[PDB]
Each structure stands twice: as C-alpha cells, then as structure tokens.
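This report concerns only the one structure given below.
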4 protein chains.
Amino acid sequence: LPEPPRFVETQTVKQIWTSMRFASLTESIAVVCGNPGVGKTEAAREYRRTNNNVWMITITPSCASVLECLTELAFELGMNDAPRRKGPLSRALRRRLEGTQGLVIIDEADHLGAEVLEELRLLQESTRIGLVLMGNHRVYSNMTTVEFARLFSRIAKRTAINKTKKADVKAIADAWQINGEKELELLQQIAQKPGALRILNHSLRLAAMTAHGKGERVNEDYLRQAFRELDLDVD
Amino acid sequence: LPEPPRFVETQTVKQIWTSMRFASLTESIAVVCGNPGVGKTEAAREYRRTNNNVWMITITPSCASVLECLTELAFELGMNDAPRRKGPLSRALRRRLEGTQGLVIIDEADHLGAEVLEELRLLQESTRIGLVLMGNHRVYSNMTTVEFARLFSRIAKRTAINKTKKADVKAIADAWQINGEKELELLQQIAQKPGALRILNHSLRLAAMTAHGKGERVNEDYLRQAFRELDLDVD
Amino acid sequence: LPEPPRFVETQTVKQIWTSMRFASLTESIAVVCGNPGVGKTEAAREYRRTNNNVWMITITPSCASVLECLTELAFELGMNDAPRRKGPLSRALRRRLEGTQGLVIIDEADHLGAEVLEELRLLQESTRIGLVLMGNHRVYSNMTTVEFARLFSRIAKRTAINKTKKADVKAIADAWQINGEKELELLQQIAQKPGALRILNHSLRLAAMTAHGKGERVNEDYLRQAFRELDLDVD
Amino acid sequence: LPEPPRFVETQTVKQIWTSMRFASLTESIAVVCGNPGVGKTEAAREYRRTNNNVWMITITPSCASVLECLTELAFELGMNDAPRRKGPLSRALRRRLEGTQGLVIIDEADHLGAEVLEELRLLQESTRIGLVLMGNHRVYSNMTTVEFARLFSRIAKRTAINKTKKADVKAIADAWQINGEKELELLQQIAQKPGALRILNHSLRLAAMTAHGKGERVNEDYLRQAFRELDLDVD
Ligand SMILES: Nc1ncnc2c1ncn2[C@@H]1O[C@H](COP(=O)(O)OP(=O)(O)O)[C@@H](O)[C@H]1O
Ligand SMILES: Nc1ncnc2c1ncn2[C@@H]1O[C@H](COP(=O)(O)OP(=O)(O)O)[C@@H](O)[C@H]1O
Ligand SMILES: Nc1ncnc2c1ncn2[C@@H]1O[C@H](COP(=O)(O)OP(=O)(O)O)[C@@H](O)[C@H]1O
Ligand SMILES: Nc1ncnc2c1ncn2[C@@H]1O[C@H](COP(=O)(O)OP(=O)(O)O)[C@@H](O)[C@H]1O
C-alpha cells in the first residue's frame, strides 16, 4: 500500500560514501571491487544525485577504448563540442575538469585497457580531481606491477564488499516497513544468495505488487512465493 | 579539525627547486630520476604555480611522439592555432618560445623517443630556455652514448631522490600539526615504505577524515588503522 | 574399511540399460539427453563391459568432424589399418560393422555436425546395427525438422534423466553399506544438488578415506564435512 | 655440519598428499591453487618418488598446446614412439593409460587452453585415472561456467594453500635440527614473507654453508645475515 522507496542508506552505503568522499577530498584513486549485485552501482548514483561536482559514466565494453571512454566522460561533462580525436579531447578535458574539484566515478573498471586506465590515472593526476573505480574483483586481479606499478602506488582506499550485512537488510526492512522476525530471517536468507540487493529488491517488489493487487499487507507467504519464483534452484 | 594543507615545502622540495631554478637561469637540461612516488611531480606544479615563464606537460605514452608531445607543449603555451604538421609546429615553437626566458618541465621522461628527446634538446638549445626531465631511474638508464652522447654532454644537474629524509617528514609533521614522537616515528616508518609521499598523504587524509568524523584529534591509533588499511602487506 | 564399489545398479541404470538393449535389438537410434552428471556416461561403460558387440567412443569437440569421429569409431573397432580419407573409411566401416549385430554408443551428442550425425544415422541404417546418443538436453534442442526431419523420424526411445530418484540413492546406500536414516536424508539432499552422482561419489569417497584414515566408520559428520568442502555455496 | 635434507613432511605436505591420494583412488580432478612458492611443486615430486602409477609433467607456456602437452605426458609415459599428430597420440594415450589406475599430475594449470584442459578432463574421464591441477589462484579464476561448467561439476577436492603454518616451520626446524625459540620466531617471520618455502630453504642453505665454512653451528646471527641478503626490502 505505501510507495516503494527505490534506495535506502545502508552500512555498505555508509562505507562506500565515506570511501567516495575520501577519494573526493583526497583527490586520489579508490578501487571498489566486490561481488556482482552488491548494490554498489546504485549507491554511486545516489552520491551523484546528492553531491555537487560529481560525474559518472558506465563502461560498456563497446566504449572500452581511450577515445570512446573519454568521449563518454566529456559528454558527461556537458561539452557537446568535444573533438573526435584523442589529443584535443584530452586537452579539453584537462582544461575543463581541472580546478572544479570534482569526482569522476567509473563503473565496471575490469574492462579497462592499460592505456585506458593509464590515461584516466594520469588525467586525474594532471587534473586535481577524483577518480573512483567500481566493478567485480577482476579489477584488482588485473594488477596482481611494473605495468600497474605506479598505479598500485596510489590506491588510496580499496573497499571490498563481498556480501551484505545484517544491519544492511535490517535498514532495508526499516525502509520497507517490515517487522516480522520470520520475515527478517527470510530476508537475510535471501541476502545469502547472490544478486543479493537485486534479488531482495525484486522479491520486495513482487511481494508489494502482489499484496497491493490482493489488497493485503506484505507478509511472509508472499515473500515465499516471490522467492519460489525466479528459478534460483533451477539450472 | 583544521584545513588539510595540499602541499608542504620539504628538503626534497628545497633541493629540487634549486635544481629547477638552476636549469632555469642556466638555460640547460636537468634530469630528475628518482624512485616512483617520491613526490617530484607535485613539487613541479608548485614551481609552476609560484613562478613566471614556467610551463609543464605530462607525457602519457599515448602522446609519446614528437608530433603529439610538441602539440602538448604548444597548447601549454596557449597557441591554440598550432599546426598539425611537425615542421611548422616546430617553427611556431621556435618563434614563440625563444626570448621569453622560460622553463619547460617534462614529466615521465622515460617514455621519450630518441627523436622526441632529440627535438626537445635541440629545441631548448635553439631557444635559450630551460628543459627539465622527470620520472624514474630508467631515464638515465636509457643513456647508459653515441646516440645520447651530446645529450649526456648537455646535462647540467642530475638530482636523484631515492627516498625521503627525516627532516622531510619532520616538516610534514610541522605542516600537519603533529607533535607525537611515537607519531613521528610511525610517520617515518610509513616513509620507509614505497609510494612514500603518496601513502603518507593517504594516511594523513584517512586519519584527518576519521578524526573529523569522530570529532576527535588525529592520534597514533588512527594512523595505525589507516596504515593497517591499503593492503600493503597483502599480495 | 571395505573396498569402495565404483559402479552400482540404479533405477536410472535399469532404465537406461533397457533403453540401450532396446536400441540394440531394435537396431535403431536412442537419444539420451539429460542434466550434466546424471551418471549416464559411467553406465554406458558398464553396458560396454558386460555385453558383447558393443562399442563406445567419446566425442571431444576436437574430434568433431566426420573424418575424426569415424576414425575414432574405427580405432574402437580395432581396424588400425583405417584409411585417413573419408570415403574408404566409410566403406571399411560399412563392410566391417554390418552383420555383427552391434551397438555403437556415442557420448556428448550435442557437438555433432549435421554431416557428422547424418553420416552416423545413414551408417547404422546402412549397417543394421545400433546407434545411441548421449549428452545434455541441447541434442534434442538442435532438432527443435527439414534438416533433422528423417532423423526425428528414426527416433526410437528418448529417455530424459533430469535428476536422480530416491530408490537411486537408496541402492547407492545399499551398495555403500549405509544404514542411517539421517544419513539417507543427507544423501538425498546431496542428490538434490547438481553434479548429483559425481558429488555424491566424491562425498562417499571423502568420507570413506577420512573414516579409514581415522580408523572409524563412515558416519553423518564425515558426510557433513565432505559436503562442507567443494565450495558448493561459494561463488 | 650434518647433511642438509631437501624435503620435509609438513602439514601442507600431509594435506596435499591426502588430496593427491584422494584424487588417485577417487579417479577424479583435484585443483591445487595457492600463492606462488607454497612448496606444492616439490611435494608433488615426493609423491611421484614414493608412489607407483604416478606421472608428472610441467607446463611451460611454450608447451601449452594440446599437441605439445599430450606429447609431454606421452614421453612421461615412456612411449617414445608417440605420433606427432593429435589424434593418434590421443588414441595411444587412451590405450596406454587406461587400466593402469594411475595419477597424472599437472603443474601451472593456469596456462591451460580450454581445449587443452578440455582434452585432459575428457582423457582422465575416458581413462579411469587421476588428474591433479597445480599452480596459482588464476586457475580457479579462469572458471569464475558454461565453457567450464561440466569441469566445475567434475571438481573433487580443491585445496588452497595461501601461506605456511607454524607446525609447518616447526617440522622444518625439527628436520634442520633447530632448537632456538628466537630461531623459531625468526623462521616464522621469514615464513611470513612470500616465496616462503623457497626463501626459508635459501636462508637455511646460506646459514648451513656459512656455518660449515666457519666450522660453527647454525645460529641466529647467520640467519639474520642470510635474511639481510637477497634484497627483500630493496625494490
Ligand atoms: N540501497 C538500496 N536500496 C535498494 N536497492 C538497492 C540499494 N542499493 C542497491 N540496490 C539495488 O542494486 C541494484 C543496483 O546496483 P547493482 O546492480 O547491484 O550493482 P553491481 O552489479 O555493480 O554490484 C538494483 O537492483 C538496485 O535496486
Ligand atoms: N609536498 C607535498 N605535500 C603533499 N603531498 C605531496 C607533496 N609532494 C608530493 N606529494 C604527493 O605525491 C603525489 C604527487 O607526486 P608523485 O605522484 O609522488 O610523483 P612521482 O610519481 O613522479 O614521483 C601525490 O600523492 C601528492 O599528494
Ligand atoms: N552407478 C554408479 N555408481 C557410482 N558412481 C556412478 C554411477 N553412475 C555414475 N556414477 C558417477 O557419475 C560419473 C559418470 O557419469 P557422468 O560423467 O557424470 O555423466 P554425464 O556427465 O555424461 O551426465 C562419475 O562421477 C561416476 O563415478
Ligand atoms: N618439504 C619441503 N622442505 C623444504 N623445502 C621445500 C619443501 N617443499 C617445498 N620446498 C621448496 O619449495 C620449492 C619447490 O616448490 P615451489 O617452487 O615452492 O612450488 P610452486 O612455485 O609451484 O608454489 C623449492 O624451493 C623447495 O626447496
């Protein structure tokens, strides 16, 4: 019956915002490698929505060149007059982006070319801004250090989020007005399976729409039917 | 609680500024080869901010041609009407840059092509200006002298900065208002590990943000937790 | 303490042998598509060991041509003088294999080329022998019928084995001298997870070697530690 | 003064032999991913020296094809008449190796091609033998499962050895006749640094040769000078 809230502040959200503002004021590189679906991508957008001098792209592996990725960052900076060459684009980024005290956020940092991440790190370095890397744990695996040596020299704050915590789903249940202890344990058990935030949010939205269609309150059995869907135990 | 200082004058900063002004008034070549993250890059920018007729580029290995690097120096000179050919660009640099009594600073001089550094040395020579090389100790290793013979004849003041000194981190503690002798020894021990200035700055900024978030003073335990992060003993 | 038995007769083994002898006497094609690790590959070898005029290859996708696969069947027939051309090999198979009333078994029938399975079906047809296909459920998916039309007309007895049964693991516990009902339920729960026969056999062999190294009987806790290994809930 | 012993039974050696004999009797695949220099390679050779029906290759990335690697295994089987084609070699391995109840050991399993490890797993499977994979933790990273899906279904006993234990270096000190508790703590501290078994063995051999050249007993100061060598804190 109430409106579903899309985003909730969580222990991971608190942690990752402190890491984000750390790389902001620190003006240095923060790598966030974690399990898939730990909710990192969404929080970054909440940081972008709440804070000034913040930018974010995503990297599809289609846009995984230096040219394409810097073009993406340039259009995110609003310079629609960006040149299609590498060089003058790099110069335009260097003139535009330095002195703003900003924070660049990059998602899926595993698909970075060495020249790609190289130009990014030398950019923020030659720009006095923030760069923050996201994605899975292949990002730190791509460094483990003569090709990534000076880059490993400046990793300010890595923060690994493997899975959720109990206060994480507890604040989730607080935001979704969930009071059952059986409900809380079931939410925790759902959080034990991967795609944690995504599956939990899906399960929450299935139960909310089912209880709204039946005119009832979200309860434990709606959550059981929701989790009984999705083919999680079906190969 | 106070504002963090962005830059601190240091014994290396004193040394390297004297080398920088030496190559300036001397109008000759100074190679600064050191360990990675000795803080040389940052000081160069303080020299650029404090002094007139000073320019600086960075060299990504993307921009490692003669054409690209001279284009970078040209846009740093503000000649946005620079030609995309090598020749007329070299002529425009020769007319623009001679007679100003300036100082060109070049970072990461290890990725120089022989024609690249060749055109740079013949430039400053035919320009009555200063050139200063930065980077790791591969720059002097690329010369050790019939291809680099007259260039090794040019060299005015090499200054090797391997690691920090104790007065270095002492002036750091003076700038960061640090009075603990246990704190001073811990800062020195952090300076013994590579990425010296970078890790120390990271550690200083971690402790400052943690003590500001907890409302307290930066103390030894915040420094221990900061250094306990970053995976320095983790492979 | 007793000798571990490598193979046990099972409800799937009974079913699949009846399908195998059916395609034998019927001299027609039987496709066995199932989930991975349903134990089909091993049983086929028990059929090969117990029965005369039985042959079996495996198909690695390295050997997935008509030439390579028929060469494999030829060396399985013991004709080491087989020609390296397609044609005379096909003739040698046609002369050797017809009149023996045999049964060809082919594993991993999903990696069949259309010409590959085409030559196989026209072989057995022009040979008065048996062909039996194995593998996952992509084999029937590759037919779902103008390129596979007459082949879908040959189909004699498909038998899909998705997962195990309770009498399956019951005869497993009879062969492994397992009498605990808690043990039986735990074996069933292990059979609910994929790689059923393989994981169960691994678990049985872990518990047997652990109880033999500790001088004890296989019990429930050894099975729990065995299943606690293998990273089944670890991504 | 006594003879140095090269190999000592250790907790990792006990663990890894139990995993090795497990994959032997189990006739299934055991992946041993660990940190570099955890001493796994040597123990494998002790298993090869002590046990019958055991074979081992190494994989240089020069020999990283299916053809080259199977050729290596064939020459390890003593069939010097092995064919230089893939197919008849695979057939010769299939006829030679099945029925012996053997154990193949493969080192550096990270450099496996998909067809390479594919032919190996289908080999042991079509051979009723043992395969055991070694190397760093990139082997399990290359699987994390539709290209490696049935292979991840094969996996019997992974054993990760990150670093040593205290009983490990304790049995080392027992084999090397080391009784000092200061000596024991120093050996443990050396074991905390990577290249554990190798550096410790190097340190042991430096101290043994120095004390033999000086006519004395190995003591703590010889160990300190040995560890003071090797440039472990020098970049
Ligand atoms: N605080 C939150 N509240 C609700 N859903 C969240 C929250 N944080 C993340 N999510 C969910 O996580 C997903 C977005 O991030 P996600 O895709 O998990 O990132 P990544 O795949 O990079 O780990 C969506 O399902 C989103 O609803
Ligand atoms: N005087 C200084 N005060 C504060 N930080 C400094 C100072 N000198 C260097 N740094 C730090 O060093 C880095 C910039 O130079 P650096 O990257 O170490 O140069 P290089 O890699 O070429 O040796 C940044 O982390 C910067 O904060
Ligand atoms: N009757 C049986 N008794 C014991 N183990 C069996 C039995 N049948 C199959 N297995 C096990 O199953 C595997 C053989 O079949 P498998 O290769 O899994 O078939 P597929 O992967 O083609 O479905 C081996 O692990 C083997 O030990
Ligand atoms: N039991 C042991 N006692 C002494 N040294 C050992 C022992 N086991 C292994 N080593 C040492 O380990 C090395 C051989 O294995 P290693 O190179 O560490 O394997 P990997 O590189 O695959 O981890 C040699 O330095 C060898 O002396």
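Ligands are numbered from 1 in the order shown, residues from 1 within each chain, and chains are lettered A, B, ... in the order they appear in the structure tokens.
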
If the cut-off is 12 Å, can you tell me the residues of chain D near chain B, counting only C-alpha atoms? I'd like them as a PDB file with N, CA, C and O atoms, in the first residue's frame.
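Listing of result20.pdb after writing:
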```
ATOM      1  N   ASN D  35      49.256 -19.615  -3.288  1.00  0.00           N
ATOM      2  CA  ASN D  35      50.172 -18.476  -3.544  1.00  0.00           C
ATOM      3  C   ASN D  35      51.446 -19.041  -4.184  1.00  0.00           C
ATOM      4  O   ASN D  35      51.731 -20.234  -3.986  1.00  0.00           O
ATOM      5  N   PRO D  36      52.221 -18.248  -4.948  1.00  0.00           N
ATOM      6  CA  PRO D  36      53.446 -18.749  -5.544  1.00  0.00           C
ATOM      7  C   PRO D  36      54.427 -19.209  -4.459  1.00  0.00           C
ATOM      8  O   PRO D  36      54.461 -18.606  -3.405  1.00  0.00           O
ATOM      9  N   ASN D 162      47.435 -20.865   0.983  1.00  0.00           N
ATOM     10  CA  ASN D 162      47.841 -19.476   0.855  1.00  0.00           C
ATOM     11  C   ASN D 162      49.250 -19.277   1.389  1.00  0.00           C
ATOM     12  O   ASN D 162      50.153 -18.861   0.658  1.00  0.00           O
ATOM     13  N   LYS D 163      49.464 -19.572   2.667  1.00  0.00           N
ATOM     14  CA  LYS D 163      50.794 -19.494   3.243  1.00  0.00           C
ATOM     15  C   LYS D 163      51.006 -20.675   4.166  1.00  0.00           C
ATOM     16  O   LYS D 163      50.161 -21.563   4.283  1.00  0.00           O
ATOM     17  N   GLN D 192      56.579 -15.555   6.954  1.00  0.00           N
ATOM     18  CA  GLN D 192      55.536 -14.572   6.700  1.00  0.00           C
ATOM     19  C   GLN D 192      55.760 -13.832   5.385  1.00  0.00           C
ATOM     20  O   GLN D 192      54.824 -13.228   4.851  1.00  0.00           O
ATOM     21  N   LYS D 193      56.976 -13.854   4.856  1.00  0.00           N
ATOM     22  CA  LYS D 193      57.240 -13.179   3.599  1.00  0.00           C
ATOM     23  C   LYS D 193      57.123 -14.159   2.434  1.00  0.00           C
ATOM     24  O   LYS D 193      57.435 -15.342   2.584  1.00  0.00           O
ATOM     25  N   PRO D 194      56.653 -13.694   1.265  1.00  0.00           N
ATOM     26  CA  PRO D 194      56.351 -14.623   0.167  1.00  0.00           C
ATOM     27  C   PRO D 194      57.599 -15.252  -0.431  1.00  0.00           C
ATOM     28  O   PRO D 194      58.732 -14.843  -0.168  1.00  0.00           O
ATOM     29  N   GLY D 195      57.369 -16.263  -1.259  1.00  0.00           N
ATOM     30  CA  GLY D 195      58.431 -17.198  -1.567  1.00  0.00           C
ATOM     31  C   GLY D 195      58.798 -17.962  -0.319  1.00  0.00           C
ATOM     32  O   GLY D 195      59.981 -18.205  -0.076  1.00  0.00           O
ATOM     33  N   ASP D 233      63.813  -6.174   1.076  1.00  0.00           N
ATOM     34  CA  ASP D 233      63.276  -4.846   1.343  1.00  0.00           C
ATOM     35  C   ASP D 233      63.808  -3.818   0.343  1.00  0.00           C
ATOM     36  O   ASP D 233      63.556  -2.617   0.491  1.00  0.00           O
ATOM     37  N   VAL D 234      64.525  -4.269  -0.685  1.00  0.00           N
ATOM     38  CA  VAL D 234      65.110  -3.393  -1.698  1.00  0.00           C
ATOM     39  C   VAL D 234      64.329  -3.572  -2.994  1.00  0.00           C
ATOM     40  O   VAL D 234      64.223  -4.690  -3.515  1.00  0.00           O
ATOM     41  N   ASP D 235      63.788  -2.475  -3.515  1.00  0.00           N
ATOM     42  CA  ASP D 235      62.957  -2.502  -4.712  1.00  0.00           C
ATOM     43  C   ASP D 235      63.795  -2.561  -5.984  1.00  0.00           C
ATOM     44  O   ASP D 235      63.950  -1.561  -6.682  1.00  0.00           O
TER      45      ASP D 235
END
```

**Request:** May I have the residues within 8 Å of ligand 4, computed using only C-alpha atoms and all ligand atoms, as a PyMOL selection string?
**Result:** chain D and resi 5-10+13+34-43+107-108+134-136+172+195-202

**Prompt:** Could you pull the residues within 6 Å of residue C:32, counting only C-alpha atoms, minus those fewer than 6 positions along the same chain, as number ranges by chain?
**Reply:** C: 133-134, 158-159

**Message:** Report as an NGL selection string all protein, DNA and RNA residues lying within 8 Å of residue D:155, evaluated on only C-alpha atoms, omitting residues in the same chain fewer than 5 positions from it.
**Reply:** (:C and (230)) or (:D and (28-31))

Export C-alpha atoms of the chosen residues as an mmCIF file, in the first residue's frame?
```
data_model
loop_
_atom_site.group_PDB
_atom_site.id
_atom_site.type_symbol
_atom_site.label_atom_id
_atom_site.label_comp_id
_atom_site.auth_asym_id
_atom_site.auth_seq_id
_atom_site.Cartn_x
_atom_site.Cartn_y
_atom_site.Cartn_z
ATOM 1 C CA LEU C 230 33.996 -28.461 -2.509
ATOM 2 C CA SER D 28 38.791 -37.517 -10.291
ATOM 3 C CA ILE D 29 40.087 -33.960 -10.675
ATOM 4 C CA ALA D 30 41.790 -32.031 -7.842
ATOM 5 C CA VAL D 31 42.754 -28.374 -8.392
#
```

**Request:** Write out as a PyMOL selection string which residues come within 10 Å of residue D:77 when counting only C-alpha atoms, dropping same-chain ones fewer than 5 positions away.
**Result:** chain D and resi 53-56+71-72+82+93+96-97+104

**Message:** Could you list, as a PyMOL selection string, every residue within 12 Å of residue C:143, counting only C-alpha atoms and ignoring same-chain residues fewer than 6 positions away?
**Reply:** chain C and resi 31+109-110+112-114+117+137+149-153+155

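The strand (DSSP E) portion of chain B consists of residues 29, 30, 31, 54, 55, 56, 57, 103, 104, 105, 106, 130, 131, 132 and 133 of chain B, with states taken from DSSP on the backbone.
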
Go ahead and save the residues from that selection, with N, CA, C and O atoms, as an mmCIF file, in the first residue's frame.
```cif
data_model
loop_
_atom_site.group_PDB
_atom_site.id
_atom_site.type_symbol
_atom_site.label_atom_id
_atom_site.label_comp_id
_atom_site.auth_asym_id
_atom_site.auth_seq_id
_atom_site.Cartn_x
_atom_site.Cartn_y
_atom_site.Cartn_z
ATOM 1 N N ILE B 29 69.768 21.543 -19.354
ATOM 2 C CA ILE B 29 68.936 20.365 -19.115
ATOM 3 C C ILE B 29 69.226 19.765 -17.744
ATOM 4 O O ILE B 29 70.384 19.502 -17.399
ATOM 5 N N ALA B 30 68.168 19.517 -16.963
ATOM 6 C CA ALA B 30 68.260 18.871 -15.656
ATOM 7 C C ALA B 30 67.370 17.635 -15.609
ATOM 8 O O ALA B 30 66.144 17.746 -15.717
ATOM 9 N N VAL B 31 67.981 16.466 -15.426
ATOM 10 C CA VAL B 31 67.268 15.191 -15.377
ATOM 11 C C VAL B 31 67.017 14.847 -13.918
ATOM 12 O O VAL B 31 67.953 14.792 -13.114
ATOM 13 N N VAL B 54 57.002 29.629 -16.772
ATOM 14 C CA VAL B 54 57.153 28.222 -16.441
ATOM 15 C C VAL B 54 56.039 27.475 -17.147
ATOM 16 O O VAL B 54 54.894 27.939 -17.164
ATOM 17 N N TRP B 55 56.374 26.352 -17.769
ATOM 18 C CA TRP B 55 55.375 25.507 -18.386
ATOM 19 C C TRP B 55 55.652 24.058 -18.042
ATOM 20 O O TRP B 55 56.779 23.670 -17.734
ATOM 21 N N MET B 56 54.600 23.261 -18.113
ATOM 22 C CA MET B 56 54.689 21.858 -17.773
ATOM 23 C C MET B 56 53.702 21.091 -18.620
ATOM 24 O O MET B 56 52.574 21.535 -18.821
ATOM 25 N N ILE B 57 54.136 19.951 -19.130
ATOM 26 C CA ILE B 57 53.217 18.962 -19.653
ATOM 27 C C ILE B 57 53.370 17.709 -18.819
ATOM 28 O O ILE B 57 54.210 17.625 -17.925
ATOM 29 N N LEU B 103 60.965 28.113 -18.774
ATOM 30 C CA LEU B 103 61.389 26.819 -18.255
ATOM 31 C C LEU B 103 60.324 25.781 -18.586
ATOM 32 O O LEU B 103 59.223 25.807 -18.030
ATOM 33 N N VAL B 104 60.677 24.864 -19.471
ATOM 34 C CA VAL B 104 59.818 23.737 -19.795
ATOM 35 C C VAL B 104 60.089 22.627 -18.797
ATOM 36 O O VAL B 104 61.246 22.314 -18.501
ATOM 37 N N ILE B 105 59.027 22.049 -18.252
ATOM 38 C CA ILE B 105 59.134 20.908 -17.361
ATOM 39 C C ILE B 105 58.505 19.712 -18.049
ATOM 40 O O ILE B 105 57.366 19.781 -18.519
ATOM 41 N N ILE B 106 59.227 18.592 -18.111
ATOM 42 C CA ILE B 106 58.665 17.387 -18.784
ATOM 43 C C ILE B 106 58.674 16.229 -17.790
ATOM 44 O O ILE B 106 59.756 15.911 -17.276
ATOM 45 N N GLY B 130 64.745 26.785 -20.678
ATOM 46 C CA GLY B 130 65.052 25.647 -19.846
ATOM 47 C C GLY B 130 64.219 24.419 -20.139
ATOM 48 O O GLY B 130 63.015 24.507 -20.384
ATOM 49 N N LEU B 131 64.869 23.264 -20.106
ATOM 50 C CA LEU B 131 64.225 21.965 -20.177
ATOM 51 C C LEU B 131 64.602 21.188 -18.925
ATOM 52 O O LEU B 131 65.760 21.212 -18.509
ATOM 53 N N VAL B 132 63.635 20.518 -18.305
ATOM 54 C CA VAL B 132 63.883 19.720 -17.107
ATOM 55 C C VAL B 132 63.154 18.396 -17.255
ATOM 56 O O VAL B 132 61.945 18.377 -17.501
ATOM 57 N N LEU B 133 63.878 17.296 -17.094
ATOM 58 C CA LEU B 133 63.310 15.962 -17.226
ATOM 59 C C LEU B 133 62.980 15.373 -15.859
ATOM 60 O O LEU B 133 63.710 15.592 -14.889
#
```

**Message:** Write out as a PyMOL selection string the set of residues from stretch 32-90 of chain D that DSSP, computed on the backbone, places in helix (DSSP H, G or I).
**Reply:** chain D and resi 40-50+61-63+66-76+86-90

I need the chosen residues saved as a CSV table (one decimal), in the first residue's frame, with N, CA, C and O atoms.
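Dumped to out09.csv:
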```
chain,number,residue,atom,x,y,z
D,40,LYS,N,54.3,-26.5,-3.1
D,40,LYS,CA,53.5,-27.6,-3.7
D,40,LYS,C,54.3,-28.3,-4.8
D,40,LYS,O,54.1,-29.6,-4.8
D,41,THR,N,55.0,-27.6,-5.6
D,41,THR,CA,55.7,-28.3,-6.7
D,41,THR,C,56.6,-29.4,-6.2
D,41,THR,O,56.5,-30.6,-6.7
D,42,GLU,N,57.4,-29.1,-5.2
D,42,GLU,CA,58.3,-30.1,-4.7
D,42,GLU,C,57.6,-31.3,-4.1
D,42,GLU,O,58.0,-32.5,-4.4
D,43,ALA,N,56.5,-31.1,-3.4
D,43,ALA,CA,55.8,-32.2,-2.7
D,43,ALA,C,55.3,-33.2,-3.8
D,43,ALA,O,55.5,-34.4,-3.6
D,44,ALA,N,54.7,-32.6,-4.8
D,44,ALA,CA,54.3,-33.4,-5.9
D,44,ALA,C,55.4,-34.4,-6.4
D,44,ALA,O,55.1,-35.6,-6.6
D,45,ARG,N,56.6,-33.9,-6.4
D,45,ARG,CA,57.7,-34.8,-6.8
D,45,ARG,C,58.0,-35.9,-5.7
D,45,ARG,O,58.4,-37.0,-6.1
D,46,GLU,N,57.8,-35.5,-4.5
D,46,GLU,CA,57.9,-36.6,-3.4
D,46,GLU,C,56.8,-37.6,-3.5
D,46,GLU,O,57.1,-38.8,-3.3
D,47,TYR,N,55.6,-37.2,-3.9
D,47,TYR,CA,54.6,-38.1,-4.2
D,47,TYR,C,54.9,-39.0,-5.4
D,47,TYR,O,54.6,-40.2,-5.4
D,48,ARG,N,55.5,-38.4,-6.4
D,48,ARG,CA,55.9,-39.2,-7.6
D,48,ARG,C,57.0,-40.2,-7.2
D,48,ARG,O,57.1,-41.3,-7.8
D,49,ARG,N,57.9,-39.8,-6.3
D,49,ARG,CA,59.0,-40.7,-6.0
D,49,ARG,C,58.6,-41.8,-5.1
D,49,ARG,O,59.1,-42.9,-5.2
D,50,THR,N,57.6,-41.6,-4.2
D,50,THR,CA,57.2,-42.6,-3.3
D,50,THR,C,56.2,-43.6,-3.8
D,50,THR,O,56.0,-44.7,-3.2
D,61,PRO,N,54.7,-22.4,-20.8
D,61,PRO,CA,53.7,-21.9,-21.9
D,61,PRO,C,54.2,-22.1,-23.3
D,61,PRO,O,53.5,-21.9,-24.2
D,62,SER,N,55.5,-22.5,-23.5
D,62,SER,CA,55.9,-23.0,-24.8
D,62,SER,C,55.2,-24.3,-25.2
D,62,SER,O,54.8,-24.4,-26.3
D,63,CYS,N,55.0,-25.2,-24.2
D,63,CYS,CA,54.4,-26.5,-24.5
D,63,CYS,C,52.9,-26.4,-24.2
D,63,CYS,O,52.3,-27.4,-23.8
D,66,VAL,N,47.5,-28.4,-27.0
D,66,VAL,CA,47.1,-29.8,-26.8
D,66,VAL,C,48.1,-30.8,-27.2
D,66,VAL,O,48.5,-31.7,-26.5
D,67,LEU,N,48.7,-30.5,-28.4
D,67,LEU,CA,49.6,-31.4,-29.1
D,67,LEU,C,50.9,-31.5,-28.2
D,67,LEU,O,51.4,-32.6,-27.9
D,68,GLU,N,51.4,-30.3,-27.8
D,68,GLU,CA,52.7,-30.3,-27.1
D,68,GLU,C,52.5,-30.9,-25.7
D,68,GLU,O,53.3,-31.7,-25.2
D,69,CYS,N,51.4,-30.6,-25.0
D,69,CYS,CA,51.2,-31.1,-23.6
D,69,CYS,C,51.0,-32.6,-23.6
D,69,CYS,O,51.5,-33.3,-22.8
D,70,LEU,N,50.1,-33.1,-24.5
D,70,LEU,CA,49.9,-34.5,-24.6
D,70,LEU,C,51.2,-35.2,-25.0
D,70,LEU,O,51.4,-36.4,-24.6
D,71,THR,N,52.0,-34.6,-25.8
D,71,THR,CA,53.3,-35.2,-26.2
D,71,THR,C,54.2,-35.3,-24.9
D,71,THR,O,54.9,-36.3,-24.7
D,72,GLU,N,54.1,-34.3,-24.1
D,72,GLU,CA,54.9,-34.3,-22.8
D,72,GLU,C,54.4,-35.4,-21.9
D,72,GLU,O,55.3,-36.1,-21.4
D,73,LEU,N,53.1,-35.6,-21.8
D,73,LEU,CA,52.6,-36.7,-21.0
D,73,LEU,C,52.9,-38.0,-21.6
D,73,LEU,O,53.2,-39.0,-20.9
D,74,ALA,N,53.0,-38.1,-22.9
D,74,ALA,CA,53.3,-39.3,-23.6
D,74,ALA,C,54.8,-39.7,-23.3
D,74,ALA,O,55.1,-40.9,-23.0
D,75,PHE,N,55.7,-38.8,-23.5
D,75,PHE,CA,57.1,-39.1,-23.2
D,75,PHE,C,57.2,-39.3,-21.7
D,75,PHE,O,58.2,-40.1,-21.3
D,76,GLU,N,56.4,-38.8,-20.8
D,76,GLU,CA,56.5,-39.1,-19.4
D,76,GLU,C,55.9,-40.5,-19.2
D,76,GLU,O,56.4,-41.3,-18.3
D,86,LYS,N,47.7,-35.1,-33.4
D,86,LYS,CA,46.9,-35.0,-32.1
D,86,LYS,C,46.2,-36.3,-31.9
D,86,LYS,O,46.2,-36.9,-30.8
D,87,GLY,N,45.4,-36.7,-32.9
D,87,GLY,CA,44.5,-37.9,-32.9
D,87,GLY,C,45.1,-39.2,-32.5
D,87,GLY,O,44.7,-39.8,-31.5
D,88,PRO,N,46.1,-39.7,-33.3
D,88,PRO,CA,46.6,-41.0,-32.9
D,88,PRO,C,47.4,-40.9,-31.6
D,88,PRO,O,47.5,-42.0,-30.9
D,89,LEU,N,47.9,-39.8,-31.2
D,89,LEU,CA,48.5,-39.6,-29.9
D,89,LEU,C,47.5,-39.8,-28.8
D,89,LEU,O,47.7,-40.4,-27.8
D,90,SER,N,46.3,-39.1,-29.0
D,90,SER,CA,45.2,-39.2,-28.1
D,90,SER,C,44.8,-40.7,-27.9
D,90,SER,O,44.5,-41.2,-26.8
```

**Message:** What does the structure give for the distance between atom CA of residue C:224 and atom CA of residue C:179, in Å to one decimal?
**Reply:**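 The value is 16.0 Å.
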